[PDB]
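Undergrad: If it helps, the file is called input05.pdb and holds PDB, C-alpha atoms:
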ATOM      1  CA  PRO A   3    -104.599 -39.493  -6.997
ATOM      2  CA  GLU A   4    -101.113 -38.553  -8.343
ATOM      3  CA  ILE A   5     -98.842 -36.094  -6.401
ATOM      4  CA  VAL A   6     -98.703 -36.471  -2.608
ATOM      5  CA  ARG A   7     -96.570 -34.596  -0.070
ATOM      6  CA  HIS A   8     -95.025 -36.002   3.106
ATOM      7  CA  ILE A   9     -94.630 -33.124   5.646
ATOM      8  CA  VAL A  10     -93.080 -33.999   9.046
ATOM      9  CA  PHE A  11     -92.518 -31.582  11.921
ATOM     10  CA  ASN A  12     -90.550 -32.641  14.984
ATOM     11  CA  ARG A  13     -88.719 -31.472  18.042
ATOM     12  CA  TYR A  14     -85.667 -33.375  19.114
ATOM     13  CA  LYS A  15     -85.093 -34.979  22.517
ATOM     14  CA  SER A  16     -82.956 -32.659  24.648
ATOM     15  CA  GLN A  17     -80.461 -35.470  25.392
ATOM     16  CA  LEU A  18     -79.328 -35.803  21.796
ATOM     17  CA  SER A  19     -76.172 -33.968  20.719
ATOM     18  CA  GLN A  20     -76.067 -31.884  17.480
ATOM     19  CA  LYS A  21     -73.604 -34.441  15.964
ATOM     20  CA  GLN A  22     -76.368 -37.046  16.298
ATOM     21  CA  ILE A  23     -79.174 -34.741  15.145
ATOM     22  CA  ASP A  24     -76.896 -33.987  12.108
ATOM     23  CA  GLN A  25     -76.321 -37.719  11.405
ATOM     24  CA  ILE A  26     -80.142 -38.217  11.564
ATOM     25  CA  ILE A  27     -80.941 -35.366   9.117
ATOM     26  CA  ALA A  28     -78.169 -36.620   6.823
ATOM     27  CA  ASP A  29     -79.555 -40.125   6.884
ATOM     28  CA  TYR A  30     -83.068 -38.786   6.031
ATOM     29  CA  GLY A  31     -81.334 -36.991   3.161
ATOM     30  CA  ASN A  32     -79.552 -39.788   1.344
ATOM     31  CA  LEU A  33     -82.660 -41.922   1.915
ATOM     32  CA  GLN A  34     -83.166 -40.582  -1.708
ATOM     33  CA  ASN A  35     -80.001 -42.462  -2.786
ATOM     34  CA  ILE A  36     -81.635 -45.803  -1.755
ATOM     35  CA  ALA A  37     -85.422 -45.110  -2.204
ATOM     36  CA  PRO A  38     -86.274 -44.093  -5.815
ATOM     37  CA  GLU A  39     -89.902 -43.170  -5.009
ATOM     38  CA  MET A  40     -88.733 -40.339  -2.680
ATOM     39  CA  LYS A  41     -88.443 -37.067  -4.508
ATOM     40  CA  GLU A  42     -88.308 -33.374  -3.448
ATOM     41  CA  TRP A  43     -86.502 -33.497  -0.136
ATOM     42  CA  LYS A  44     -86.239 -30.233   1.813
ATOM     43  CA  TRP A  45     -85.552 -29.629   5.518
ATOM     44  CA  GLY A  46     -85.246 -26.592   7.800
ATOM     45  CA  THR A  47     -85.552 -25.040  11.219
ATOM     46  CA  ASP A  48     -88.384 -22.789  12.428
ATOM     47  CA  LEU A  49     -87.280 -19.163  12.557
ATOM     48  CA  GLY A  50     -88.468 -18.723  16.110
ATOM     49  CA  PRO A  51     -90.919 -16.706  18.244
ATOM     50  CA  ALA A  52     -89.094 -13.782  16.638
ATOM     51  CA  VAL A  53     -91.156 -14.179  13.433
ATOM     52  CA  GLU A  54     -94.383 -16.071  14.349
ATOM     53  CA  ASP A  55     -95.103 -17.778  17.680
ATOM     54  CA  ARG A  56     -97.205 -20.808  16.682
ATOM     55  CA  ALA A  57     -94.714 -23.640  16.471
ATOM     56  CA  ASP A  58     -96.074 -25.060  19.790
ATOM     57  CA  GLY A  59     -92.489 -26.141  20.527
ATOM     58  CA  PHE A  60     -91.807 -27.767  17.106
ATOM     59  CA  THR A  61     -88.283 -26.888  15.828
ATOM     60  CA  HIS A  62     -87.660 -28.678  12.506
ATOM     61  CA  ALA A  63     -89.740 -29.330   9.333
ATOM     62  CA  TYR A  64     -89.102 -31.887   6.508
ATOM     63  CA  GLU A  65     -90.844 -32.230   3.075
ATOM     64  CA  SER A  66     -90.682 -35.320   0.894
ATOM     65  CA  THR A  67     -92.763 -35.600  -2.391
ATOM     66  CA  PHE A  68     -94.048 -38.607  -4.432
ATOM     67  CA  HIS A  69     -95.254 -39.355  -7.976
ATOM     68  CA  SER A  70     -98.436 -41.409  -7.037
ATOM     69  CA  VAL A  71    -100.085 -42.484  -3.801
ATOM     70  CA  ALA A  72     -98.881 -45.933  -5.056
ATOM     71  CA  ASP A  73     -95.185 -44.897  -4.973
ATOM     72  CA  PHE A  74     -95.766 -43.528  -1.466
ATOM     73  CA  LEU A  75     -97.155 -46.837  -0.206
ATOM     74  CA  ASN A  76     -94.327 -48.883  -1.895
ATOM     75  CA  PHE A  77     -91.733 -46.694  -0.161
ATOM     76  CA  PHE A  78     -93.356 -46.640   3.365
ATOM     77  CA  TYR A  79     -93.293 -50.502   3.568
ATOM     78  CA  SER A  80     -89.796 -50.890   1.994
ATOM     79  CA  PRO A  81     -86.694 -52.005   3.906
ATOM     80  CA  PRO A  82     -85.039 -48.510   3.851
ATOM     81  CA  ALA A  83     -88.060 -46.443   4.785
ATOM     82  CA  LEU A  84     -88.763 -48.770   7.739
ATOM     83  CA  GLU A  85     -85.033 -49.025   8.611
ATOM     84  CA  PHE A  86     -84.809 -45.275   8.769
ATOM     85  CA  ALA A  87     -88.065 -44.930  10.789
ATOM     86  CA  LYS A  88     -86.485 -46.843  13.714
ATOM     87  CA  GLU A  89     -83.611 -44.312  13.744
ATOM     88  CA  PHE A  90     -85.804 -41.180  13.495
ATOM     89  CA  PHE A  91     -89.076 -41.441  15.495
ATOM     90  CA  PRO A  92     -87.216 -42.599  18.684
ATOM     91  CA  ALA A  93     -85.211 -39.324  18.487
ATOM     92  CA  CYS A  94     -88.374 -37.119  18.442
ATOM     93  CA  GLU A  95     -89.859 -35.508  21.541
ATOM     94  CA  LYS A  96     -92.748 -34.059  19.517
ATOM     95  CA  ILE A  97     -93.908 -35.596  16.200
ATOM     96  CA  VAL A  98     -96.661 -34.779  13.650
ATOM     97  CA  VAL A  99     -96.946 -35.959  10.090
ATOM     98  CA  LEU A 100     -99.362 -35.274   7.213
ATOM     99  CA  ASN A 101     -99.559 -36.987   3.892
ATOM    100  CA  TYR A 102    -101.946 -35.167   1.549
ATOM    101  CA  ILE A 103    -102.684 -35.255  -2.175
ATOM    102  CA  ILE A 104    -101.437 -31.897  -3.475
ATOM    103  CA  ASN A 105    -104.188 -29.440  -4.394
ATOM    104  CA  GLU A 106    -103.597 -26.014  -6.128
ATOM    105  CA  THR A 107    -107.406 -25.382  -6.478
ATOM    106  CA  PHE A 108    -109.960 -23.594  -4.103
ATOM    107  CA  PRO A 109    -113.647 -24.389  -3.224
TER     108      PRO A 109
ATOM    109  CA  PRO B   3     -81.888 -16.688  -2.110
ATOM    110  CA  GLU B   4     -83.118 -17.536   1.406
ATOM    111  CA  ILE B   5     -86.386 -19.072   0.177
ATOM    112  CA  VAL B   6     -88.646 -19.437   3.231
ATOM    113  CA  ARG B   7     -91.668 -21.757   3.650
ATOM    114  CA  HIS B   8     -94.920 -21.070   5.587
ATOM    115  CA  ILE B   9     -96.245 -24.601   6.326
ATOM    116  CA  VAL B  10     -99.477 -24.789   8.371
ATOM    117  CA  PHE B  11    -101.261 -27.782   9.910
ATOM    118  CA  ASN B  12    -104.672 -27.394  11.538
ATOM    119  CA  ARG B  13    -108.011 -28.846  12.557
ATOM    120  CA  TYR B  14    -111.273 -26.821  12.468
ATOM    121  CA  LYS B  15    -113.754 -26.613  15.284
ATOM    122  CA  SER B  16    -116.440 -29.289  15.085
ATOM    123  CA  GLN B  17    -119.284 -26.673  15.244
ATOM    124  CA  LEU B  18    -118.410 -25.030  11.880
ATOM    125  CA  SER B  19    -120.314 -26.109   8.760
ATOM    126  CA  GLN B  20    -118.294 -27.744   5.944
ATOM    127  CA  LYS B  21    -119.592 -24.876   3.813
ATOM    128  CA  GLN B  22    -117.924 -22.380   6.173
ATOM    129  CA  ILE B  23    -114.765 -24.602   6.222
ATOM    130  CA  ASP B  24    -114.676 -24.713   2.400
ATOM    131  CA  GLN B  25    -115.075 -20.884   2.767
ATOM    132  CA  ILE B  26    -111.936 -20.424   4.788
ATOM    133  CA  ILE B  27    -109.682 -22.741   2.725
ATOM    134  CA  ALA B  28    -110.718 -20.478  -0.208
ATOM    135  CA  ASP B  29    -109.817 -17.196   1.595
ATOM    136  CA  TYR B  30    -106.383 -18.714   2.377
ATOM    137  CA  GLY B  31    -105.896 -19.508  -1.321
ATOM    138  CA  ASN B  32    -107.301 -16.015  -2.107
ATOM    139  CA  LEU B  33    -104.642 -14.097  -0.165
ATOM    140  CA  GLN B  34    -102.254 -15.309  -2.923
ATOM    141  CA  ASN B  35    -104.018 -12.638  -5.063
ATOM    142  CA  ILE B  36    -104.346  -9.687  -2.558
ATOM    143  CA  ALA B  37    -100.541  -9.622  -1.728
ATOM    144  CA  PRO B  38     -98.010 -10.930  -4.338
ATOM    145  CA  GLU B  39     -95.354 -12.267  -1.839
ATOM    146  CA  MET B  40     -97.180 -15.543  -0.951
ATOM    147  CA  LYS B  41     -96.121 -17.587  -3.929
ATOM    148  CA  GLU B  42     -96.498 -21.413  -4.151
ATOM    149  CA  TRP B  43     -99.694 -22.068  -2.318
ATOM    150  CA  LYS B  44    -100.925 -25.669  -2.223
ATOM    151  CA  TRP B  45    -103.204 -27.626   0.146
ATOM    152  CA  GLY B  46    -104.545 -31.086   1.012
ATOM    153  CA  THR B  47    -106.400 -33.108   3.620
ATOM    154  CA  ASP B  48    -104.665 -35.819   5.565
ATOM    155  CA  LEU B  49    -104.936 -39.243   3.832
ATOM    156  CA  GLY B  50    -106.015 -41.082   6.996
ATOM    157  CA  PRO B  51    -104.720 -44.096   8.917
ATOM    158  CA  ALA B  52    -104.384 -46.573   6.007
ATOM    159  CA  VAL B  53    -101.425 -44.609   4.771
ATOM    160  CA  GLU B  54    -100.047 -43.472   8.174
ATOM    161  CA  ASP B  55    -101.279 -42.711  11.731
ATOM    162  CA  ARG B  56     -99.006 -39.887  12.919
ATOM    163  CA  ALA B  57    -101.141 -36.842  11.949
ATOM    164  CA  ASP B  58    -102.223 -36.354  15.579
ATOM    165  CA  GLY B  59    -105.852 -35.448  14.651
ATOM    166  CA  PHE B  60    -104.810 -32.562  12.393
ATOM    167  CA  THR B  61    -106.975 -32.672   9.245
ATOM    168  CA  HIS B  62    -105.624 -30.080   6.767
ATOM    169  CA  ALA B  63    -102.255 -28.808   5.448
ATOM    170  CA  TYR B  64    -101.323 -25.597   3.658
ATOM    171  CA  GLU B  65     -98.076 -24.587   1.944
ATOM    172  CA  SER B  66     -96.777 -21.204   0.789
ATOM    173  CA  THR B  67     -93.443 -19.781  -0.285
ATOM    174  CA  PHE B  68     -91.703 -16.429   0.157
ATOM    175  CA  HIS B  69     -88.393 -15.298  -1.414
ATOM    176  CA  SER B  70     -87.351 -13.597   1.908
ATOM    177  CA  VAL B  71     -88.362 -13.081   5.558
ATOM    178  CA  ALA B  72     -89.139  -9.314   5.143
ATOM    179  CA  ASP B  73     -91.603 -10.360   2.414
ATOM    180  CA  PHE B  74     -93.298 -12.550   5.010
ATOM    181  CA  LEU B  75     -93.456  -9.789   7.666
ATOM    182  CA  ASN B  76     -94.858  -7.147   5.308
ATOM    183  CA  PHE B  77     -97.354  -9.859   4.382
ATOM    184  CA  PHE B  78     -97.956 -10.893   8.046
ATOM    185  CA  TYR B  79     -99.001  -7.323   9.014
ATOM    186  CA  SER B  80    -100.898  -6.237   5.847
ATOM    187  CA  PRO B  81    -104.670  -5.701   6.606
ATOM    188  CA  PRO B  82    -105.481  -8.709   4.340
ATOM    189  CA  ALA B  83    -103.435 -11.278   6.353
ATOM    190  CA  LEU B  84    -104.355  -9.508   9.668
ATOM    191  CA  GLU B  85    -108.031  -9.791   8.601
ATOM    192  CA  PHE B  86    -107.791 -13.431   7.464
ATOM    193  CA  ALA B  87    -106.136 -14.058  10.852
ATOM    194  CA  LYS B  88    -109.295 -12.936  12.740
ATOM    195  CA  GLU B  89    -111.160 -15.633  10.689
ATOM    196  CA  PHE B  90    -108.705 -18.589  10.749
ATOM    197  CA  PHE B  91    -107.345 -18.866  14.324
ATOM    198  CA  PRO B  92    -110.757 -18.931  16.086
ATOM    199  CA  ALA B  93    -111.981 -21.465  13.456
ATOM    200  CA  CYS B  94    -108.857 -23.487  14.278
ATOM    201  CA  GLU B  95    -109.295 -25.982  17.168
ATOM    202  CA  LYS B  96    -105.721 -27.159  16.660
ATOM    203  CA  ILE B  97    -102.957 -25.221  14.885
ATOM    204  CA  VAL B  98     -99.179 -25.403  14.366
ATOM    205  CA  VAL B  99     -97.234 -23.053  11.998
ATOM    206  CA  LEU B 100     -93.532 -23.554  11.027
ATOM    207  CA  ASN B 101     -91.522 -20.879   9.079
ATOM    208  CA  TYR B 102     -88.131 -22.118   7.742
ATOM    209  CA  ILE B 103     -85.453 -21.708   4.998
ATOM    210  CA  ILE B 104     -84.669 -24.479   2.485
ATOM    211  CA  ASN B 105     -81.951 -27.139   2.437
ATOM    212  CA  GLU B 106     -80.714 -29.993   0.229
ATOM    213  CA  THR B 107     -77.231 -29.432   1.762
ATOM    214  CA  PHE B 108     -75.258 -32.591   0.851
ATOM    215  CA  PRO B 109     -75.316 -32.786  -2.959
ATOM    216  CA  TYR B 110     -75.006 -28.950  -2.658
TER     217      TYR B 110
END
Would you write out, as structure tokens, the structure that this file holds?
TA:
Amino acid sequence: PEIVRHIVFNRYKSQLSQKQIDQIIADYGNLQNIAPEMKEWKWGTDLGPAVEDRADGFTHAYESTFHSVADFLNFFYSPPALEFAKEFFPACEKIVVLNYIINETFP
Amino acid sequence: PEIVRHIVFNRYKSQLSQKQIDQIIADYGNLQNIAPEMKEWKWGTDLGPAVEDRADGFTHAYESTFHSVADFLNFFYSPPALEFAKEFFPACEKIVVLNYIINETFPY
């Protein structure tokens, strides 16, 4: 059990301004600058019913990557990871989050 | 480039055999061969509530990559990915798909 991904989708609460949504993304970002375990941070916004209409109202998507299920646990119970979770989850109107061990292989 | 990302979450109907679930995960990985646009395909099952409890009853996760959106649409309509679609979305009892372009942003 070595490489695990953290994929979050959310929607934001309609009351929040962009300035605030921006400050929240940015904080998620430089989480890397405080948490060493956190690794391959990517975010982005669903390209709409235009392309494919199965976002069920989810708007954003965020990937974080880790070098051992052990590094993932150490992070998720650390001051910063918990600190930042109080900022972020309270701003979500929809939330869904999968950690999985990364698998390139079929069955 | 505008690297996109085709991230899927799902849960399969409870009536399908694991055999037939293992089947479908394999077809999804074997569209990477019958259309060269889909490009960094990886999967995993959710690690359960000891790690975290916010997966909302979705079991599996699937990644891809495309190097543009037109790639994705040629791919989306090709008889392979239109065929695999007739297999996956009825198997699916829950399903959410998010297509998006990359960002680091702030070092960049």
Undergrad: Take atom CA of residue 67 of chain B and atom CA of residue 38 of chain B and report the distance between them in Å, one decimal.
TA: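 It comes out at 10.8 Å.
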Undergrad: Residues within 6 Å of residue 94 of chain A, please, as a list in words. Count only C-alpha atoms; anything in the same chain fewer than 3 positions from it doesn't count.
TA: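 Neighbouring residues, sequence-local ones excluded: residues 13, 14, 15 and 91 of chain A.
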Undergrad: Could you save those same residues with C-alpha atoms as a PDB file, keeping the file's coordinate frame?
TA:
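File produced: again38.pdb:
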ATOM      1  CA  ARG A  13     -88.719 -31.472  18.042  1.00  0.00           C
ATOM      2  CA  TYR A  14     -85.667 -33.375  19.114  1.00  0.00           C
ATOM      3  CA  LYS A  15     -85.093 -34.979  22.517  1.00  0.00           C
ATOM      4  CA  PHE A  91     -89.076 -41.441  15.495  1.00  0.00           C
TER       5      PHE A  91
END
Undergrad: Which one is closest to chain B: A:63, A:72, A:87, A:18? Count all atoms listed in the file.
TA: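 Distance minimum relative to chain B lands on A:63.
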Undergrad: Rank nothing, just name the residue among A:46, A:3, A:59, A:81 nearest to chain B, using only C-alpha atoms.
TA: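 For chain B, the nearest of the given residues is A:46.
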Undergrad: Determine, counting only C-alpha atoms, which protein, DNA and RNA residues have an atom within 10 Å of an atom of residue 100 of chain A; residues of the same chain fewer than 3 positions away are not included. Present the result as a VMD selection string.
TA: (chain A and resid 6 to 11 65 103) or (chain B and resid 11 46 to 50 53 to 63)
Undergrad: Could you list, as a count of residues only, every residue matched by the PyMOL selection byres ((chain A) within 6 of (chain B)) in this structure?
TA: 19
Undergrad: Please fill the gaps in segment 22-39 of chain A so it has N, CA and C atoms, and write that as an mmCIF file, in the frame of the given file.
TA:
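To be explicit, this is the file written out as out.cif:
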data_model
loop_
_atom_site.group_PDB
_atom_site.id
_atom_site.type_symbol
_atom_site.label_atom_id
_atom_site.label_comp_id
_atom_site.auth_asym_id
_atom_site.auth_seq_id
_atom_site.Cartn_x
_atom_site.Cartn_y
_atom_site.Cartn_z
ATOM 1 N N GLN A 22 -75.318 -36.033 16.511
ATOM 2 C CA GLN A 22 -76.368 -37.046 16.298
ATOM 3 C C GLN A 22 -77.594 -36.536 15.528
ATOM 4 N N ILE A 23 -78.073 -35.341 15.877
ATOM 5 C CA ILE A 23 -79.174 -34.741 15.145
ATOM 6 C C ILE A 23 -78.741 -34.564 13.687
ATOM 7 N N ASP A 24 -77.517 -34.066 13.460
ATOM 8 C CA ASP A 24 -76.896 -33.987 12.108
ATOM 9 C C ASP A 24 -76.822 -35.325 11.359
ATOM 10 N N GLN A 25 -76.376 -36.381 12.022
ATOM 11 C CA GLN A 25 -76.321 -37.719 11.405
ATOM 12 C C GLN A 25 -77.726 -38.236 11.018
ATOM 13 N N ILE A 26 -78.748 -37.809 11.777
ATOM 14 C CA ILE A 26 -80.142 -38.217 11.564
ATOM 15 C C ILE A 26 -80.743 -37.479 10.359
ATOM 16 N N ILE A 27 -80.557 -36.157 10.295
ATOM 17 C CA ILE A 27 -80.941 -35.366 9.117
ATOM 18 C C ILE A 27 -80.250 -35.939 7.853
ATOM 19 N N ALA A 28 -78.944 -36.148 7.946
ATOM 20 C CA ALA A 28 -78.169 -36.620 6.823
ATOM 21 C C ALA A 28 -78.675 -37.948 6.342
ATOM 22 N N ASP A 29 -79.073 -38.809 7.271
ATOM 23 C CA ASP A 29 -79.555 -40.125 6.884
ATOM 24 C C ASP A 29 -80.892 -39.988 6.152
ATOM 25 N N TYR A 30 -81.803 -39.181 6.703
ATOM 26 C CA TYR A 30 -83.068 -38.786 6.031
ATOM 27 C C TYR A 30 -82.789 -38.326 4.592
ATOM 28 N N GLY A 31 -81.781 -37.466 4.447
ATOM 29 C CA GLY A 31 -81.334 -36.991 3.161
ATOM 30 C C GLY A 31 -81.076 -38.106 2.201
ATOM 31 N N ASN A 32 -79.892 -38.687 2.253
ATOM 32 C CA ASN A 32 -79.552 -39.788 1.344
ATOM 33 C C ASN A 32 -80.446 -41.056 1.432
ATOM 34 N N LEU A 33 -81.552 -41.011 2.164
ATOM 35 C CA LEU A 33 -82.660 -41.922 1.915
ATOM 36 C C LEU A 33 -83.004 -41.936 0.396
ATOM 37 N N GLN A 34 -83.052 -40.748 -0.232
ATOM 38 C CA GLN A 34 -83.166 -40.582 -1.708
ATOM 39 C C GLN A 34 -82.248 -41.479 -2.562
ATOM 40 N N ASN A 35 -81.001 -41.625 -2.117
ATOM 41 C CA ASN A 35 -80.001 -42.462 -2.786
ATOM 42 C C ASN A 35 -80.316 -43.968 -2.770
ATOM 43 N N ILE A 36 -81.225 -44.391 -1.883
ATOM 44 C CA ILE A 36 -81.635 -45.803 -1.755
ATOM 45 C C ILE A 36 -83.104 -45.970 -2.203
ATOM 46 N N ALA A 37 -84.003 -45.069 -1.790
ATOM 47 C CA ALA A 37 -85.422 -45.110 -2.204
ATOM 48 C C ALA A 37 -85.689 -44.268 -3.460
ATOM 49 N N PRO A 38 -86.022 -44.913 -4.604
ATOM 50 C CA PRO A 38 -86.274 -44.093 -5.815
ATOM 51 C C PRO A 38 -87.575 -43.283 -5.748
ATOM 52 N N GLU A 39 -88.586 -43.810 -5.073
ATOM 53 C CA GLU A 39 -89.902 -43.170 -5.009
ATOM 54 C C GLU A 39 -89.832 -41.766 -4.374
#
